[PDB]
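Below: one structure, written as structure tokens.
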Amino acid sequence: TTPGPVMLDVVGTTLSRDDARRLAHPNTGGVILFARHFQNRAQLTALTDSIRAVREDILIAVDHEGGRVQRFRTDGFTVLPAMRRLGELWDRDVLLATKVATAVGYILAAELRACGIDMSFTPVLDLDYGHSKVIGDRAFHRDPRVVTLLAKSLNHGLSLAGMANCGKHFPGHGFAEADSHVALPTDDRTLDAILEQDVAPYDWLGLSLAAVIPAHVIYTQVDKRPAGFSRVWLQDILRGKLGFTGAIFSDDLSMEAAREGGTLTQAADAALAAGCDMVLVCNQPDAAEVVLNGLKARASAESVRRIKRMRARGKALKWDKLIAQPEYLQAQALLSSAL
Ligand SMILES: CCCC(=O)N[C@H]1CNC[C@H](O)[C@@H](O)[C@@H]1O
């Protein structure tokens with residue numbers, strides 16, 4: 001079996017028959033986890049094991065940015081700082097900040113892989129304009145060059161544990177005012193203006209950027225469709241001008257802003273037609289199941305290659321071994337002293 005284009009979630013801390021049915025559907029390709037799916041490390045390891053037992057090719061992901069976005073915060077998961085804290089450290093000592101950024105990424109990925117998780121949807125590449133509250137301290141820095149090298153250092157730490165990465169929210173959620181969970185934000189800048197700054201980190205990262213989530217934002221001077229539903233943004237810009245060949249995950253189609261695509265199934269079709277390789281449908285598995293069964297057929301061979309490449313690489317240290325690893329301990333001690 002090969003991965004499908006739909007990333008969904010499960011009902012709870014243990015797998016149900018309904019979960020197993022959805023995980024076996026051909027159009028399923030991923031599971032995303034939230035706080036409600038975490039009781040403790042043992043329970044989570046058992047959950048991820050049972051998910052892969054149904055669909056061995058499944059991709060398991062989570063939102064672990066640090067600060068205000070980190071689903072697993074207890075039973076040994078290190079509470080990571082808001083990425084803004086690394087930009088503030090950069091402003092005091094550039095090189096130390098890049099050293100700390102890598103340690104953060106290694107801790108992040110190693111702890112996740114010890115519970116059988118493939119990837120985290122990080123780093124935020126939105127620029128810290130101060131205009132977006134929903135982004136806020138999730139942004140590294142104001143300067144696109146600083147965001148690039150800090151995000152790159154983080155992705156390096158992720159790579160040391162065999163974990164990929166996913167930059168977001170393309171082409172940039174940091175300038176718009178509204179929160180795309182609740183409304184549809186707008187960004188009235190010119191294409192060039194957006195390219196010179198907000199898009200630069202995506203371009204400069206090169207192969208250090210493994211995937212992208214596009215923003216549910218309408219860039220009115222470029223395309224009236226939100227970036228996740230926009231062939232201009234996903235193909236003309238990201239794949240064409242930037243030559244990006246990594247995976248593209250839609251942002252959560254359950255979000256209010258994504259209602260700019262119609263029903264869930266119609267929004268999924270539009271996102272995939274625009275250039276997304278996978279679509280996220282969070283917090284409503286039965287509605288996700290309707291999407292699974294109603295999704296209109298499409299060419300997917302190009303997408304499947306990129307989805308497979310998001311699986312974690314190599315072996316992972318289980319918790320009993322990770323806790324005694326000098327590198328892990330070194331990262332921990334550095335993160336405490338540096339911040
Ligand atoms: C409102 C700003 C965009 C935003 O914060 N999106 C988050 C939620 N959607 C999907 C995922 O849960 C997560 O990775 C995304 O980053």
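Among the residues of segment 212-226, count how many are within 11 Å of the ligand (Cβ to nearest atom), out of contact with any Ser or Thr (no Cβ under 6 Å at 6 or more places or on another chain) and not in a strand (DSSP E or B). Reasoning before the result, please.
Filtering segment 212-226 down to residues within 11 Å of the ligand (Cβ to nearest atom) leaves 213-217.
Subsequent filtering for residues that are out of contact with any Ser or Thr (no Cβ under 6 Å at 6 or more places or on another chain) retains 213-215, 217.
Still in the running and not in a strand (DSSP E or B): 215, 217.
Result for segment 212-226: 2.
Would you pick out the residues in segment 3-25 that are in contact (Cβ under 8 Å) with a residue 60 or more places away in the chain, of a type outside the set (D, E, K, R) and surrounded by fewer than 16 Cβ atoms within 10 Å (Cβ to Cβ)?
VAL11
Among the residues of segment 172-211, which ones are assigned to a strand (DSSP E or B) and not acidic (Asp, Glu)? Walk me through it before giving the result.
Our first condition is that a residue be assigned to a strand (DSSP E or B); within segment 172-211, this holds for 186-187, 211.
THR186, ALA211 - these are the residues of segment 172-211 that are assigned to a strand (DSSP E or B) and not acidic (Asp, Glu).
Against the condition in a loop (DSSP other than H, G, I, E, B) and touching a residue at least 60 places away in the same chain (Cβ under 8 Å), how does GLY87 come out, does it pass? It would help to see each step written out before you state the result.
Working: in a loop (DSSP other than H, G, I, E, B): no; touching a residue at least 60 places away in the same chain (Cβ under 8 Å): yes.
Taking the combined requirement at face value, the residue does not satisfy it.
Looking only at segment 302-339, how many residues end up being within 22 Å of the chain's Cα centre (by Cα) and either basic (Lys, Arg) or part of a helix (DSSP H, G or I) (or both)?
Of all residues in segment 302-339, those within 22 Å of the chain's Cα centre (by Cα) come to 302-316.
Then keep just the ones that are either basic (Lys, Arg) or part of a helix (DSSP H, G or I) (or both); that gives 302-309, 311, 313, 315.
Residues that pass the stated criteria total 11.
So, of the residues in segment 44-100 that are farther than 17 Å from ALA312 by Cα and polar (S, T, N, Q), which turns out to be surrounded by the fewest Cβ atoms within 10 Å (Cβ to Cβ)?
Step by step, filter segment 44-100, then rank; the result is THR74.
In segment 157-211, what residues are in contact with a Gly (Cβ under 9 Å, 6 or more places away or on another chain), more than 16 Å from the ligand (Cβ to nearest atom) and of a type in the set (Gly, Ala, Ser)?
Across segment 157-211, the qualifying residues are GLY157, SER159, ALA161, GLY162.
Among the residues of segment 27-48, write down those that are in contact (Cβ under 8 Å) with a residue 60 or more places away in the chain and either among the charged types (D, E, K, R) or part of a loop (DSSP other than H, G, I, E, B) (or both).
Listed by number, the residues that qualify are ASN27, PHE34, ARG41.
One line per residue, one yes/no per condition, for (1) at positive phi; (2) within 16 Å of the ligand (Cβ to nearest atom); (3) touching a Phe, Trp or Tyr at 6+ places or on another chain (Cβ under 7 Å):
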{"site": "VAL232", "(1), (2), (3)": "no, no, no"}
{"site": "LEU238", "(1), (2), (3)": "no, no, yes"}
{"site": "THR245", "(1), (2), (3)": "no, no, no"}
{"site": "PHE249", "(1), (2), (3)": "no, yes, no"}
{"site": "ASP252", "(1), (2), (3)": "no, yes, no"}
{"site": "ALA258", "(1), (2), (3)": "no, yes, no"}
{"site": "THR263", "(1), (2), (3)": "no, no, no"}
{"site": "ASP269", "(1), (2), (3)": "no, no, no"}
{"site": "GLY275", "(1), (2), (3)": "yes, no, no"}
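For segment 158-171, enumerate the residues that are in a loop (DSSP other than H, G, I, E, B) and touching a helix residue (DSSP H, G or I) at 6+ places or on another chain (Cβ under 6 Å). If you could, list the steps in order and put the result at the bottom.
The initial filter retains those residues of segment 158-171 that are in a loop (DSSP other than H, G, I, E, B), namely 161-166, 171.
Residues satisfying the conditions are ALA161, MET163, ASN165, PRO171.
May I ask you to list the residues in segment 277-316 that are on the phi > 0 side of the Ramachandran plot and either surrounded by 14 or more Cβ atoms within 10 Å (Cβ to Cβ) or within 16 Å of the ligand (Cβ to nearest atom) (or both)?
Passing the criteria: only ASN283.
So which residues in segment 49-82 are small (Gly, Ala, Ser) and either part of a loop (DSSP other than H, G, I, E, B) or within 16 Å of the chain's Cα centre (by Cα) (or both)? I'd like the intermediate steps shown before the answer.
Just the residues of segment 49-82 that are small (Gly, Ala, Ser), to begin with: 50, 53, 61, 66-67, 76, 82.
Correct list: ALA61, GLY66, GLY67, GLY76, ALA82.
Any idea which residue in segment 117-143 is nearest to the ligand (Cβ to nearest atom), counting only those that are in contact (Cβ under 8 Å) with a residue 60 or more places away in the chain and either assigned to a loop (DSSP other than H, G, I, E, B) or under 22 Å from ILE218 (Cβ atoms) (or both)? Spell out how you get there, then give the answer.
Of all residues in segment 117-143, those in contact (Cβ under 8 Å) with a residue 60 or more places away in the chain come to 117-119, 121, 125-127, 136-138.
Filter again for either assigned to a loop (DSSP other than H, G, I, E, B) or under 22 Å from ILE218 (Cβ atoms) (or both), leaving 117-118, 121, 125-127, 136, 138.
On the way: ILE117: 14, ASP118: 14, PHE121: 4, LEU125: 11, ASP126: 8, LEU127: 14, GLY136: 10, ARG138: 7 Å.
Among those that are in contact (Cβ under 8 Å) with a residue 60 or more places away in the chain and either assigned to a loop (DSSP other than H, G, I, E, B) or under 22 Å from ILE218 (Cβ atoms) (or both), it is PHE121.
With ideal geometry, Cβ positions are generated from the backbone for all residues, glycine too; neighbour counts draw on all protein chains shown. FYI, it's all coordinate maths here, none of it is from the lab.
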